[PDB]
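Shown next as structure tokens: one chain only, the form deposited in one PDB entry.
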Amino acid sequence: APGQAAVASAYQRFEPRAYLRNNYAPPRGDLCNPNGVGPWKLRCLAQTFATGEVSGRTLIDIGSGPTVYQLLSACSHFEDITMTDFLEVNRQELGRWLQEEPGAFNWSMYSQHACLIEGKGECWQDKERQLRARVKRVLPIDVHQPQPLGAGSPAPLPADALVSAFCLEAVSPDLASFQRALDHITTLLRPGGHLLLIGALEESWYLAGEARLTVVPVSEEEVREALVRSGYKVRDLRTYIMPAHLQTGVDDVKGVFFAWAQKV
């Protein structure tokens, strides 16, 4: 209870352009080295969709921030995609890239790299235009509320799949509120539907301009137990250890996990 309120006000001085710079510009945002964090995340997402076993008509992205890369492979498989964030400054950053306003963030290195590893011969402009086409709305959300999108949100629940990258551990004061947030997102999921969850391993803080966020250090084992304790069969869970040269002064992340889990 008290911790969930300190998270909320730390996130008030979250500078999205500073966030995008620390994590999606060089070095972490240079996609040329295939052993980097960028290529690893996109490969996880693409391998998982290329199986064919994750599909439907509706998808919800929990805690998108100002980022779109986590739906680049997703959007070939879902026609109504809902993106969500707690902060309006991020949804207005999401707005400017979906509507192609000036000063939108240049995501084309990531569209390029997703097209290359999907390997279906798709140019990146078609990938970007397909994502804008299928992303219907950009809604507020609070993963701590037992209903996270408000009483009667415009979103077509229950969704067929959730994507959530770097959200829960970054917004939860401790292991317990992280588990509750997972319980809360899971009610948004049609039973038998799929969760695709990316997050930081063993991280306790990261910087977003003037915001200094505190984060609950989660391990891969804690992540697996939390997915079952919320009723998922864990289909995949993989870890990326963070190389020295991607350890900048913007956080203390030690690794990144990817989870493919299916509601039971």
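C-alpha atoms forming the largest set that superposes within 1.5 Å between two forms make up the rigid core. One-based numbering along the sequence shown.
In what follows, reference is made to the form deposited in another entry, a form of this protein that is not presented.
>> Quick check on the comparison between the shown form and the other one: with the core aligned, only one of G29, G209, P39, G56 should show a Cα shift of at least 2 Å. Which one is it?
In response: After core superposition, the single residue displaced by 2 Å or more is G209.
> So with the core overlaid, does the Cα of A10 end up 2 Å or more away between the shown form and the other one?
Replying inline: No: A10 shifts by under 2 Å between the shown form and the other one.
> Do you see a C-alpha shift of 2 Å or more at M242 between the shown form and the other one, with the core held fixed?
Replying inline: False for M242: its C-alpha shift is below 2 Å.
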